Amino acid sequence: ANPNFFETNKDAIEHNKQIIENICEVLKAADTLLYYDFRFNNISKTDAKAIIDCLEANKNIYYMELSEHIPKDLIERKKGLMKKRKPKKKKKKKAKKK
Amino acid sequence: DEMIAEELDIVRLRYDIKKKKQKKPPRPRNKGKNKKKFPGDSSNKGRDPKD
Amino acid sequence: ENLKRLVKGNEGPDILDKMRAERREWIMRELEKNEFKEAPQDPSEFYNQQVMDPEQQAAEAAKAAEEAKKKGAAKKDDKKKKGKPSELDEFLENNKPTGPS
Amino acid sequence: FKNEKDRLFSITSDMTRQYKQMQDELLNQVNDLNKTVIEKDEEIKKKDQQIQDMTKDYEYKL
Amino acid sequence: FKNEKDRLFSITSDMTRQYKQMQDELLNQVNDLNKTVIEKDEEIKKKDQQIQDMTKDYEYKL
């Protein structure tokens, strides 16, 4: 299709790589930041897979819902990872009035 | 159609849809079809048409 | 060969995208119908669902009804006589209007 | 559209280059036939001169 | 992009026709060279026959 596609889009590739690296760093070092919604976004398949792989370092993160156009196998992997870290539903202690 | 079959399988796996075990189709048992042993069948048993 | 190659190269993407979207929409409709509990066994389920066309639907329904109305009455005739077919019936069948083969 | 525009520009440039190369190449048979035409014209002129001179000489004799 | 593609296609078609007809006109240089060679050779043979007839008749009348 494009003999010089990489030559022309090296800048876009570099920017996407930088954004993905920042996302990975934030996910790994976010002890409190554990809920992320990257849905409805044009996140490339490679970038989404990189983010999912980086998630494994930080198990504190309890939620991340990413774009729907990510590969479906990776989507299932992300669902499994999020299920592995879903916070326990704290049973609301019903105060017995007296 | 090939891509959509992949998509359907992946969606089934995604939604934890236990794939209902498809009953193994009745084996094509080699029923007692008495192949008519015409004269010379044994003599031509395994002979290529060119031969 | 040249025209098939050209059509494959050119017209492929648009129809591919449109019909893949259509298949995904049918899959979503089936999932909504069955409350996302089971998915289609194979992609042929969409074709089975959309086999019939309106005019062809009516024509085939009429033909099937005409053919099948006789079968229901065949369960009762059990012990009637086995009379041989008449010569007149055979003669009529053989010498009737020589329809368009 | 970016891809199509780039590909069309490349195709146009390549076709122009090939046409220019072929135009530069083709000059040989033209030169050879030019030489042949010149030689034939020279022969024509020589034979016309022969006709004139020989006719004049014979007319003087007669 | 439809307008761009249509304009580029028209330009490419016009330039292709021009280059093809110019290469054909180089081959036409060759062909008209052959035509001129044929015409000049016909004239050469006509002038040779004129020379021969003139010389023979003049020698006879001498």
# chains A, B, ... in the order shown; residues from 1 in each chain; ligands from 1

$ residues_around --residues "range 32-40 of chain D" --least-positions-apart "2" --cutoff "6 Å" --atoms "only C-alpha atoms" --output "JSON, numbers by chain"
{"D": [29, 30, 42, 43], "E": [33, 37, 40]}

$ calpha_fit_and_write --fixed "chain E" --moving "chain D" --output "PDB file with N, CA and C atoms, in the first residue's frame"
ATOM      1  N   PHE D   1     -16.302  16.369  -4.716  1.00  0.00           N
ATOM      2  CA  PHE D   1     -15.815  17.167  -5.835  1.00  0.00           C
ATOM      3  C   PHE D   1     -14.299  17.288  -5.806  1.00  0.00           C
ATOM      4  N   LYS D   2     -13.719  17.450  -4.617  1.00  0.00           N
ATOM      5  CA  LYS D   2     -12.262  17.463  -4.508  1.00  0.00           C
ATOM      6  C   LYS D   2     -11.665  16.182  -5.081  1.00  0.00           C
ATOM      7  N   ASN D   3     -12.203  15.031  -4.666  1.00  0.00           N
ATOM      8  CA  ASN D   3     -11.698  13.751  -5.152  1.00  0.00           C
ATOM      9  C   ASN D   3     -11.835  13.647  -6.666  1.00  0.00           C
ATOM     10  N   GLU D   4     -13.012  13.994  -7.191  1.00  0.00           N
ATOM     11  CA  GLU D   4     -13.246  13.871  -8.626  1.00  0.00           C
ATOM     12  C   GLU D   4     -12.313  14.777  -9.415  1.00  0.00           C
ATOM     13  N   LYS D   5     -12.127  16.013  -8.952  1.00  0.00           N
ATOM     14  CA  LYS D   5     -11.246  16.946  -9.641  1.00  0.00           C
ATOM     15  C   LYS D   5      -9.810  16.438  -9.648  1.00  0.00           C
ATOM     16  N   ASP D   6      -9.326  15.957  -8.499  1.00  0.00           N
ATOM     17  CA  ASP D   6      -7.961  15.443  -8.439  1.00  0.00           C
ATOM     18  C   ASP D   6      -7.789  14.239  -9.357  1.00  0.00           C
ATOM     19  N   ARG D   7      -8.751  13.313  -9.330  1.00  0.00           N
ATOM     20  CA  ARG D   7      -8.655  12.120 -10.163  1.00  0.00           C
ATOM     21  C   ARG D   7      -8.680  12.475 -11.644  1.00  0.00           C
ATOM     22  N   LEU D   8      -9.550  13.410 -12.037  1.00  0.00           N
ATOM     23  CA  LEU D   8      -9.619  13.810 -13.437  1.00  0.00           C
ATOM     24  C   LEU D   8      -8.327  14.485 -13.881  1.00  0.00           C
ATOM     25  N   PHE D   9      -7.748  15.334 -13.028  1.00  0.00           N
ATOM     26  CA  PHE D   9      -6.472  15.954 -13.372  1.00  0.00           C
ATOM     27  C   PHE D   9      -5.381  14.904 -13.540  1.00  0.00           C
ATOM     28  N   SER D  10      -5.331  13.930 -12.628  1.00  0.00           N
ATOM     29  CA  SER D  10      -4.325  12.879 -12.738  1.00  0.00           C
ATOM     30  C   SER D  10      -4.506  12.079 -14.021  1.00  0.00           C
ATOM     31  N   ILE D  11      -5.753  11.747 -14.362  1.00  0.00           N
ATOM     32  CA  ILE D  11      -6.017  10.988 -15.583  1.00  0.00           C
ATOM     33  C   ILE D  11      -5.591  11.784 -16.808  1.00  0.00           C
ATOM     34  N   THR D  12      -5.927  13.076 -16.842  1.00  0.00           N
ATOM     35  CA  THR D  12      -5.537  13.909 -17.975  1.00  0.00           C
ATOM     36  C   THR D  12      -4.022  13.971 -18.116  1.00  0.00           C
ATOM     37  N   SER D  13      -3.313  14.167 -17.001  1.00  0.00           N
ATOM     38  CA  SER D  13      -1.857  14.241 -17.057  1.00  0.00           C
ATOM     39  C   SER D  13      -1.259  12.927 -17.549  1.00  0.00           C
ATOM     40  N   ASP D  14      -1.756  11.800 -17.029  1.00  0.00           N
ATOM     41  CA  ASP D  14      -1.226  10.503 -17.441  1.00  0.00           C
ATOM     42  C   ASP D  14      -1.474  10.248 -18.922  1.00  0.00           C
ATOM     43  N   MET D  15      -2.680  10.561 -19.404  1.00  0.00           N
ATOM     44  CA  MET D  15      -2.981  10.340 -20.814  1.00  0.00           C
ATOM     45  C   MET D  15      -2.124  11.230 -21.704  1.00  0.00           C
ATOM     46  N   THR D  16      -1.922  12.488 -21.303  1.00  0.00           N
ATOM     47  CA  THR D  16      -1.052  13.369 -22.074  1.00  0.00           C
ATOM     48  C   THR D  16       0.372  12.828 -22.119  1.00  0.00           C
ATOM     49  N   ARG D  17       0.880  12.352 -20.980  1.00  0.00           N
ATOM     50  CA  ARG D  17       2.229  11.798 -20.951  1.00  0.00           C
ATOM     51  C   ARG D  17       2.345  10.588 -21.868  1.00  0.00           C
ATOM     52  N   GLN D  18       1.358   9.690 -21.823  1.00  0.00           N
ATOM     53  CA  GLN D  18       1.403   8.501 -22.670  1.00  0.00           C
ATOM     54  C   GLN D  18       1.334   8.869 -24.148  1.00  0.00           C
ATOM     55  N   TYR D  19       0.462   9.815 -24.505  1.00  0.00           N
ATOM     56  CA  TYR D  19       0.376  10.248 -25.896  1.00  0.00           C
ATOM     57  C   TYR D  19       1.694  10.849 -26.364  1.00  0.00           C
ATOM     58  N   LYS D  20       2.314  11.683 -25.527  1.00  0.00           N
ATOM     59  CA  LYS D  20       3.600  12.270 -25.888  1.00  0.00           C
ATOM     60  C   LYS D  20       4.662  11.192 -26.069  1.00  0.00           C
ATOM     61  N   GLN D  21       4.676  10.198 -25.179  1.00  0.00           N
ATOM     62  CA  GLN D  21       5.653   9.119 -25.287  1.00  0.00           C
ATOM     63  C   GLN D  21       5.477   8.349 -26.590  1.00  0.00           C
ATOM     64  N   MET D  22       4.230   8.016 -26.934  1.00  0.00           N
ATOM     65  CA  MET D  22       3.985   7.248 -28.152  1.00  0.00           C
ATOM     66  C   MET D  22       4.336   8.062 -29.393  1.00  0.00           C
ATOM     67  N   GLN D  23       4.022   9.362 -29.376  1.00  0.00           N
ATOM     68  CA  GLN D  23       4.382  10.230 -30.492  1.00  0.00           C
ATOM     69  C   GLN D  23       5.894  10.298 -30.664  1.00  0.00           C
ATOM     70  N   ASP D  24       6.629  10.419 -29.556  1.00  0.00           N
ATOM     71  CA  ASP D  24       8.085  10.395 -29.637  1.00  0.00           C
ATOM     72  C   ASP D  24       8.575   9.069 -30.203  1.00  0.00           C
ATOM     73  N   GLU D  25       7.953   7.965 -29.787  1.00  0.00           N
ATOM     74  CA  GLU D  25       8.377   6.646 -30.245  1.00  0.00           C
ATOM     75  C   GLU D  25       8.226   6.504 -31.757  1.00  0.00           C
ATOM     76  N   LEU D  26       7.036   6.793 -32.277  1.00  0.00           N
ATOM     77  CA  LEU D  26       6.716   6.434 -33.656  1.00  0.00           C
ATOM     78  C   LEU D  26       7.411   7.335 -34.670  1.00  0.00           C
ATOM     79  N   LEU D  27       8.569   6.892 -35.167  1.00  0.00           N
ATOM     80  CA  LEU D  27       9.199   7.550 -36.308  1.00  0.00           C
ATOM     81  C   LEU D  27       9.914   6.566 -37.233  1.00  0.00           C
ATOM     82  N   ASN D  28       9.816   5.266 -36.948  1.00  0.00           N
ATOM     83  CA  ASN D  28      10.696   4.302 -37.607  1.00  0.00           C
ATOM     84  C   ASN D  28      10.197   3.928 -38.999  1.00  0.00           C
ATOM     85  N   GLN D  29       9.002   3.337 -39.083  1.00  0.00           N
ATOM     86  CA  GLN D  29       8.479   2.921 -40.380  1.00  0.00           C
ATOM     87  C   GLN D  29       8.404   4.100 -41.339  1.00  0.00           C
ATOM     88  N   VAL D  30       8.137   5.296 -40.812  1.00  0.00           N
ATOM     89  CA  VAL D  30       8.126   6.487 -41.654  1.00  0.00           C
ATOM     90  C   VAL D  30       9.493   6.697 -42.290  1.00  0.00           C
ATOM     91  N   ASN D  31      10.561   6.565 -41.501  1.00  0.00           N
ATOM     92  CA  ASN D  31      11.906   6.745 -42.042  1.00  0.00           C
ATOM     93  C   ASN D  31      12.231   5.675 -43.078  1.00  0.00           C
ATOM     94  N   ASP D  32      11.881   4.421 -42.783  1.00  0.00           N
ATOM     95  CA  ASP D  32      12.174   3.346 -43.727  1.00  0.00           C
ATOM     96  C   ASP D  32      11.452   3.566 -45.050  1.00  0.00           C
ATOM     97  N   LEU D  33      10.176   3.950 -44.991  1.00  0.00           N
ATOM     98  CA  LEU D  33       9.426   4.173 -46.219  1.00  0.00           C
ATOM     99  C   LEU D  33       9.883   5.442 -46.927  1.00  0.00           C
ATOM    100  N   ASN D  34      10.396   6.421 -46.178  1.00  0.00           N
ATOM    101  CA  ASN D  34      11.019   7.581 -46.807  1.00  0.00           C
ATOM    102  C   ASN D  34      12.224   7.160 -47.635  1.00  0.00           C
ATOM    103  N   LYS D  35      13.067   6.295 -47.066  1.00  0.00           N
ATOM    104  CA  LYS D  35      14.210   5.784 -47.817  1.00  0.00           C
ATOM    105  C   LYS D  35      13.755   5.019 -49.054  1.00  0.00           C
ATOM    106  N   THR D  36      12.726   4.182 -48.903  1.00  0.00           N
ATOM    107  CA  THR D  36      12.218   3.428 -50.046  1.00  0.00           C
ATOM    108  C   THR D  36      11.693   4.358 -51.135  1.00  0.00           C
ATOM    109  N   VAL D  37      10.958   5.401 -50.743  1.00  0.00           N
ATOM    110  CA  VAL D  37      10.424   6.357 -51.708  1.00  0.00           C
ATOM    111  C   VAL D  37      11.556   7.069 -52.433  1.00  0.00           C
ATOM    112  N   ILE D  38      12.594   7.467 -51.696  1.00  0.00           N
ATOM    113  CA  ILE D  38      13.724   8.147 -52.324  1.00  0.00           C
ATOM    114  C   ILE D  38      14.394   7.232 -53.340  1.00  0.00           C
ATOM    115  N   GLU D  39      14.608   5.966 -52.971  1.00  0.00           N
ATOM    116  CA  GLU D  39      15.237   5.030 -53.898  1.00  0.00           C
ATOM    117  C   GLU D  39      14.382   4.824 -55.143  1.00  0.00           C
ATOM    118  N   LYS D  40      13.064   4.700 -54.966  1.00  0.00           N
ATOM    119  CA  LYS D  40      12.189   4.497 -56.114  1.00  0.00           C
ATOM    120  C   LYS D  40      12.157   5.722 -57.020  1.00  0.00           C
ATOM    121  N   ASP D  41      12.171   6.924 -56.440  1.00  0.00           N
ATOM    122  CA  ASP D  41      12.246   8.136 -57.251  1.00  0.00           C
ATOM    123  C   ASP D  41      13.554   8.189 -58.029  1.00  0.00           C
ATOM    124  N   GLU D  42      14.657   7.798 -57.390  1.00  0.00           N
ATOM    125  CA  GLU D  42      15.935   7.752 -58.091  1.00  0.00           C
ATOM    126  C   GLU D  42      15.876   6.784 -59.264  1.00  0.00           C
ATOM    127  N   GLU D  43      15.271   5.613 -59.055  1.00  0.00           N
ATOM    128  CA  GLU D  43      15.139   4.644 -60.139  1.00  0.00           C
ATOM    129  C   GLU D  43      14.279   5.200 -61.270  1.00  0.00           C
ATOM    130  N   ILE D  44      13.193   5.894 -60.921  1.00  0.00           N
ATOM    131  CA  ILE D  44      12.342   6.522 -61.930  1.00  0.00           C
ATOM    132  C   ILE D  44      13.149   7.500 -62.772  1.00  0.00           C
ATOM    133  N   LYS D  45      13.909   8.374 -62.110  1.00  0.00           N
ATOM    134  CA  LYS D  45      14.686   9.374 -62.837  1.00  0.00           C
ATOM    135  C   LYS D  45      15.740   8.714 -63.720  1.00  0.00           C
ATOM    136  N   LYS D  46      16.407   7.680 -63.202  1.00  0.00           N
ATOM    137  CA  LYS D  46      17.406   6.976 -63.996  1.00  0.00           C
ATOM    138  C   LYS D  46      16.786   6.362 -65.242  1.00  0.00           C
ATOM    139  N   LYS D  47      15.609   5.750 -65.103  1.00  0.00           N
ATOM    140  CA  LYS D  47      14.985   5.103 -66.251  1.00  0.00           C
ATOM    141  C   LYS D  47      14.461   6.123 -67.258  1.00  0.00           C
ATOM    142  N   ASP D  48      13.974   7.273 -66.786  1.00  0.00           N
ATOM    143  CA  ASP D  48      13.613   8.340 -67.717  1.00  0.00           C
ATOM    144  C   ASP D  48      14.830   8.818 -68.501  1.00  0.00           C
ATOM    145  N   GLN D  49      15.960   9.004 -67.813  1.00  0.00           N
ATOM    146  CA  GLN D  49      17.177   9.414 -68.503  1.00  0.00           C
ATOM    147  C   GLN D  49      17.615   8.360 -69.510  1.00  0.00           C
ATOM    148  N   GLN D  50      17.498   7.081 -69.144  1.00  0.00           N
ATOM    149  CA  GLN D  50      17.828   6.010 -70.077  1.00  0.00           C
ATOM    150  C   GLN D  50      16.944   6.073 -71.315  1.00  0.00           C
ATOM    151  N   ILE D  51      15.637   6.264 -71.121  1.00  0.00           N
ATOM    152  CA  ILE D  51      14.729   6.373 -72.259  1.00  0.00           C
ATOM    153  C   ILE D  51      15.188   7.493 -73.180  1.00  0.00           C
ATOM    154  N   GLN D  52      15.414   8.678 -72.608  1.00  0.00           N
ATOM    155  CA  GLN D  52      15.775   9.831 -73.424  1.00  0.00           C
ATOM    156  C   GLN D  52      17.069   9.582 -74.192  1.00  0.00           C
ATOM    157  N   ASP D  53      18.115   9.145 -73.488  1.00  0.00           N
ATOM    158  CA  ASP D  53      19.425   9.005 -74.115  1.00  0.00           C
ATOM    159  C   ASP D  53      19.409   7.934 -75.199  1.00  0.00           C
ATOM    160  N   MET D  54      18.827   6.769 -74.899  1.00  0.00           N
ATOM    161  CA  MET D  54      18.829   5.687 -75.875  1.00  0.00           C
ATOM    162  C   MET D  54      17.997   6.061 -77.097  1.00  0.00           C
ATOM    163  N   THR D  55      16.847   6.714 -76.883  1.00  0.00           N
ATOM    164  CA  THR D  55      16.029   7.150 -78.010  1.00  0.00           C
ATOM    165  C   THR D  55      16.787   8.140 -78.882  1.00  0.00           C
ATOM    166  N   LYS D  56      17.483   9.094 -78.258  1.00  0.00           N
ATOM    167  CA  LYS D  56      18.232  10.079 -79.031  1.00  0.00           C
ATOM    168  C   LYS D  56      19.345   9.420 -79.837  1.00  0.00           C
ATOM    169  N   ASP D  57      20.080   8.491 -79.219  1.00  0.00           N
ATOM    170  CA  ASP D  57      21.155   7.810 -79.934  1.00  0.00           C
ATOM    171  C   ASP D  57      20.613   7.035 -81.130  1.00  0.00           C
ATOM    172  N   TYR D  58      19.529   6.284 -80.925  1.00  0.00           N
ATOM    173  CA  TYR D  58      18.968   5.519 -82.031  1.00  0.00           C
ATOM    174  C   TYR D  58      18.419   6.431 -83.123  1.00  0.00           C
ATOM    175  N   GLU D  59      17.827   7.568 -82.745  1.00  0.00           N
ATOM    176  CA  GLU D  59      17.326   8.508 -83.742  1.00  0.00           C
ATOM    177  C   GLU D  59      18.462   9.076 -84.581  1.00  0.00           C
ATOM    178  N   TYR D  60      19.582   9.421 -83.943  1.00  0.00           N
ATOM    179  CA  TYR D  60      20.738   9.870 -84.712  1.00  0.00           C
ATOM    180  C   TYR D  60      21.196   8.789 -85.683  1.00  0.00           C
ATOM    181  N   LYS D  61      21.251   7.537 -85.219  1.00  0.00           N
ATOM    182  CA  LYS D  61      21.683   6.461 -86.109  1.00  0.00           C
ATOM    183  C   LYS D  61      20.751   6.323 -87.309  1.00  0.00           C
ATOM    184  N   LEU D  62      19.442   6.353 -87.062  1.00  0.00           N
ATOM    185  CA  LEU D  62      18.469   6.148 -88.131  1.00  0.00           C
ATOM    186  C   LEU D  62      18.471   7.314 -89.114  1.00  0.00           C
TER     187      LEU D  62
END

$ closest_atom_pairs --of "chain A" --to "chain D" --cutoff "9 Å" --atoms "only C-alpha atoms" --output "Markdown table"
| residue | atom | partner | partner_atom | distance |
| --- | --- | --- | --- | --- |
| A:1 | CA | D:3 | CA | 6.7 |
| A:2 | CA | D:3 | CA | 6.0 |
| A:3 | CA | D:7 | CA | 8.7 |
| A:5 | CA | D:3 | CA | 8.5 |

$ interface_residues --of "chain A" --to "chain B" --cutoff "9 Å" --atoms "only C-alpha atoms" --output "list in words"
residues 72, 73, 75, 76 and 79 of chain A

$ closest_residue --among "B:40, B:22, B:45, B:50" --to "chain C" --atoms "only C-alpha atoms"
B:22

$ select_by_dssp --residues "chain A" --states "strand (DSSP E or B)" --output "MDAnalysis selection string"
chainID A and resid 35:38 63:66

$ closest_atom_pairs --of "chain B" --to "chain C" --cutoff "9 Å" --atoms "only C-alpha atoms" --output "CSV"
residue,atom,partner,partner_atom,distance
B:1,CA,C:43,CA,7.0
B:2,CA,C:43,CA,8.8
B:3,CA,C:20,CA,8.2
B:4,CA,C:20,CA,6.9
B:5,CA,C:43,CA,5.9
B:7,CA,C:24,CA,8.3
B:8,CA,C:39,CA,7.1
B:9,CA,C:39,CA,8.4
B:11,CA,C:39,CA,7.7
B:12,CA,C:39,CA,5.9
B:15,CA,C:36,CA,7.4
B:16,CA,C:37,CA,8.7
B:17,CA,C:38,CA,5.9
B:18,CA,C:38,CA,8.0
B:19,CA,C:38,CA,8.2

$ write_last_selection --atoms "N, CA, C and O atoms" --output "PDB file, in the first residue's frame"
ATOM      1  N   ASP B   1     -16.589 -14.464   5.914  1.00  0.00           N
ATOM      2  CA  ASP B   1     -17.209 -15.531   6.693  1.00  0.00           C
ATOM      3  C   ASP B   1     -16.198 -16.193   7.617  1.00  0.00           C
ATOM      4  O   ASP B   1     -16.518 -16.511   8.767  1.00  0.00           O
ATOM      5  N   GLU B   2     -14.978 -16.420   7.132  1.00  0.00           N
ATOM      6  CA  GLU B   2     -13.938 -16.967   7.999  1.00  0.00           C
ATOM      7  C   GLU B   2     -13.662 -16.031   9.172  1.00  0.00           C
ATOM      8  O   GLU B   2     -13.596 -16.460  10.337  1.00  0.00           O
ATOM      9  N   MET B   3     -13.520 -14.735   8.884  1.00  0.00           N
ATOM     10  CA  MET B   3     -13.255 -13.780   9.956  1.00  0.00           C
ATOM     11  C   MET B   3     -14.413 -13.731  10.949  1.00  0.00           C
ATOM     12  O   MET B   3     -14.201 -13.632  12.162  1.00  0.00           O
ATOM     13  N   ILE B   4     -15.648 -13.802  10.450  1.00  0.00           N
ATOM     14  CA  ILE B   4     -16.816 -13.742  11.321  1.00  0.00           C
ATOM     15  C   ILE B   4     -16.943 -15.008  12.156  1.00  0.00           C
ATOM     16  O   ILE B   4     -17.423 -14.960  13.291  1.00  0.00           O
ATOM     17  N   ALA B   5     -16.544 -16.159  11.613  1.00  0.00           N
ATOM     18  CA  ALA B   5     -16.507 -17.372  12.424  1.00  0.00           C
ATOM     19  C   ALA B   5     -15.500 -17.231  13.558  1.00  0.00           C
ATOM     20  O   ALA B   5     -15.782 -17.606  14.706  1.00  0.00           O
ATOM     21  N   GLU B   7     -14.690 -14.420  14.902  1.00  0.00           N
ATOM     22  CA  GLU B   7     -15.309 -13.467  15.818  1.00  0.00           C
ATOM     23  C   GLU B   7     -16.351 -14.142  16.701  1.00  0.00           C
ATOM     24  O   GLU B   7     -16.426 -13.869  17.903  1.00  0.00           O
ATOM     25  N   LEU B   8     -17.176 -15.012  16.116  1.00  0.00           N
ATOM     26  CA  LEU B   8     -18.198 -15.709  16.889  1.00  0.00           C
ATOM     27  C   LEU B   8     -17.573 -16.605  17.947  1.00  0.00           C
ATOM     28  O   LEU B   8     -18.019 -16.623  19.101  1.00  0.00           O
ATOM     29  N   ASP B   9     -16.535 -17.360  17.576  1.00  0.00           N
ATOM     30  CA  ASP B   9     -15.869 -18.206  18.561  1.00  0.00           C
ATOM     31  C   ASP B   9     -15.266 -17.369  19.683  1.00  0.00           C
ATOM     32  O   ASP B   9     -15.383 -17.716  20.869  1.00  0.00           O
ATOM     33  N   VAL B  11     -16.181 -14.409  20.707  1.00  0.00           N
ATOM     34  CA  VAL B  11     -17.243 -13.841  21.534  1.00  0.00           C
ATOM     35  C   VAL B  11     -17.815 -14.900  22.469  1.00  0.00           C
ATOM     36  O   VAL B  11     -18.130 -14.619  23.634  1.00  0.00           O
ATOM     37  N   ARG B  12     -17.967 -16.129  21.971  1.00  0.00           N
ATOM     38  CA  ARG B  12     -18.424 -17.220  22.824  1.00  0.00           C
ATOM     39  C   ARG B  12     -17.476 -17.412  23.999  1.00  0.00           C
ATOM     40  O   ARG B  12     -17.907 -17.562  25.147  1.00  0.00           O
ATOM     41  N   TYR B  15     -17.770 -14.274  26.539  1.00  0.00           N
ATOM     42  CA  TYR B  15     -18.948 -14.260  27.396  1.00  0.00           C
ATOM     43  C   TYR B  15     -19.077 -15.529  28.232  1.00  0.00           C
ATOM     44  O   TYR B  15     -20.162 -15.816  28.748  1.00  0.00           O
ATOM     45  N   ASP B  16     -17.991 -16.290  28.377  1.00  0.00           N
ATOM     46  CA  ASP B  16     -17.989 -17.505  29.191  1.00  0.00           C
ATOM     47  C   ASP B  16     -19.085 -18.470  28.757  1.00  0.00           C
ATOM     48  O   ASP B  16     -19.637 -19.211  29.573  1.00  0.00           O
ATOM     49  N   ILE B  17     -19.407 -18.465  27.465  1.00  0.00           N
ATOM     50  CA  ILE B  17     -20.475 -19.300  26.932  1.00  0.00           C
ATOM     51  C   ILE B  17     -19.978 -20.732  26.801  1.00  0.00           C
ATOM     52  O   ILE B  17     -19.269 -21.069  25.846  1.00  0.00           O
ATOM     53  N   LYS B  18     -20.342 -21.581  27.758  1.00  0.00           N
ATOM     54  CA  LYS B  18     -19.983 -22.991  27.680  1.00  0.00           C
ATOM     55  C   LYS B  18     -20.491 -23.586  26.376  1.00  0.00           C
ATOM     56  O   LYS B  18     -21.701 -23.692  26.157  1.00  0.00           O
ATOM     57  N   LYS B  19     -19.561 -23.973  25.509  1.00  0.00           N
ATOM     58  CA  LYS B  19     -19.912 -24.520  24.202  1.00  0.00           C
ATOM     59  C   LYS B  19     -20.605 -25.859  24.405  1.00  0.00           C
ATOM     60  O   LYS B  19     -19.975 -26.850  24.780  1.00  0.00           O
TER      61      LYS B  19
END

$ atom_distance --atom1 "CA of residue 78 in chain A" --atom2 "CA of residue 63 in chain A"
9.6 Å

$ atom_distance --atom1 "CA of residue 65 in chain A" --atom2 "CA of residue 36 in chain A"
6.5 Å

$ select_by_dssp --residues "chain B" --states "helix (DSSP H, G or I)" --output "VMD selection string"
chain B and resid 2 to 14

$ atom_distance --atom1 "CA of residue 24 in chain A" --atom2 "CA of residue 52 in chain A"
8.7 Å

$ residues_around --residues "residue 28 in chain A" --least-positions-apart "2" --cutoff "6 Å" --atoms "only C-alpha atoms" --output "list in words"
residues 25, 26, 30, 57 and 58 of chain A

$ residues_around --residues "residue 47 in chain A" --least-positions-apart "4" --cutoff "12 Å" --atoms "only C-alpha atoms" --output "list in words"
residues 13, 14, 15, 16, 17, 18, 19, 20, 21, 22, 23, 24, 38, 41, 42, 43, 51, 52, 53, 54, 66, 67, 69, 70, 71 and 74 of chain A

$ write_last_selection --atoms "C-alpha atoms" --output "mmCIF file, in the first residue's frame"
data_model
loop_
_atom_site.group_PDB
_atom_site.id
_atom_site.type_symbol
_atom_site.label_atom_id
_atom_site.label_comp_id
_atom_site.auth_asym_id
_atom_site.auth_seq_id
_atom_site.Cartn_x
_atom_site.Cartn_y
_atom_site.Cartn_z
ATOM 1 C CA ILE A 13 4.903 5.757 16.001
ATOM 2 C CA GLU A 14 7.298 7.508 18.392
ATOM 3 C CA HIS A 15 4.510 9.558 19.977
ATOM 4 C CA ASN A 16 2.351 6.455 20.431
ATOM 5 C CA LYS A 17 5.294 4.611 21.990
ATOM 6 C CA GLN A 18 5.936 7.499 24.389
ATOM 7 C CA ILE A 19 2.268 7.631 25.400
ATOM 8 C CA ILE A 20 2.198 3.857 25.929
ATOM 9 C CA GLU A 21 5.378 4.000 28.020
ATOM 10 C CA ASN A 22 3.865 6.741 30.179
ATOM 11 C CA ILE A 23 0.670 4.696 30.554
ATOM 12 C CA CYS A 24 2.683 1.644 31.606
ATOM 13 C CA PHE A 38 -9.753 4.138 28.030
ATOM 14 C CA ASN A 41 -10.554 5.409 21.994
ATOM 15 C CA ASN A 42 -8.516 4.451 18.928
ATOM 16 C CA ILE A 43 -5.860 2.562 20.881
ATOM 17 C CA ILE A 51 -0.755 -1.697 28.354
ATOM 18 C CA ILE A 52 -2.306 -5.042 29.310
ATOM 19 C CA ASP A 53 1.131 -6.610 29.794
ATOM 20 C CA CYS A 54 2.278 -3.649 31.901
ATOM 21 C CA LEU A 66 -10.116 -0.125 27.171
ATOM 22 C CA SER A 67 -11.188 0.484 23.575
ATOM 23 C CA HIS A 69 -11.387 -2.517 18.835
ATOM 24 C CA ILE A 70 -8.490 -4.091 20.770
ATOM 25 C CA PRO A 71 -7.918 -7.752 19.800
ATOM 26 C CA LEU A 74 -6.337 -9.558 24.536
#

$ decode --residues "range 76-81 of chain A" --atoms "N, CA, C and O atoms" --output "PDB file, in the first residue's frame"
ATOM      1  N   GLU A  76     -10.174 -10.560  26.367  1.00  0.00           N
ATOM      2  CA  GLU A  76     -10.455 -11.615  27.336  1.00  0.00           C
ATOM      3  C   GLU A  76      -9.342 -11.719  28.373  1.00  0.00           C
ATOM      4  O   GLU A  76      -9.608 -11.934  29.562  1.00  0.00           O
ATOM      5  N   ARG A  77      -8.088 -11.576  27.938  1.00  0.00           N
ATOM      6  CA  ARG A  77      -6.975 -11.580  28.883  1.00  0.00           C
ATOM      7  C   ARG A  77      -7.096 -10.430  29.876  1.00  0.00           C
ATOM      8  O   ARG A  77      -6.859 -10.606  31.078  1.00  0.00           O
ATOM      9  N   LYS A  78      -7.462  -9.243  29.391  1.00  0.00           N
ATOM     10  CA  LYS A  78      -7.648  -8.096  30.270  1.00  0.00           C
ATOM     11  C   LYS A  78      -8.806  -8.322  31.233  1.00  0.00           C
ATOM     12  O   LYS A  78      -8.738  -7.926  32.401  1.00  0.00           O
ATOM     13  N   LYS A  79      -9.888  -8.940  30.755  1.00  0.00           N
ATOM     14  CA  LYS A  79     -11.005  -9.255  31.640  1.00  0.00           C
ATOM     15  C   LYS A  79     -10.576 -10.219  32.737  1.00  0.00           C
ATOM     16  O   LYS A  79     -10.946 -10.051  33.903  1.00  0.00           O
ATOM     17  N   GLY A  80      -9.791 -11.237  32.382  1.00  0.00           N
ATOM     18  CA  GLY A  80      -9.276 -12.141  33.397  1.00  0.00           C
ATOM     19  C   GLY A  80      -8.378 -11.439  34.398  1.00  0.00           C
ATOM     20  O   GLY A  80      -8.475 -11.671  35.607  1.00  0.00           O
ATOM     21  N   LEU A  81      -7.497 -10.564  33.910  1.00  0.00           N
ATOM     22  CA  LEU A  81      -6.609  -9.832  34.807  1.00  0.00           C
ATOM     23  C   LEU A  81      -7.399  -8.934  35.754  1.00  0.00           C
ATOM     24  O   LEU A  81      -7.097  -8.863  36.952  1.00  0.00           O
TER      25      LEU A  81
END
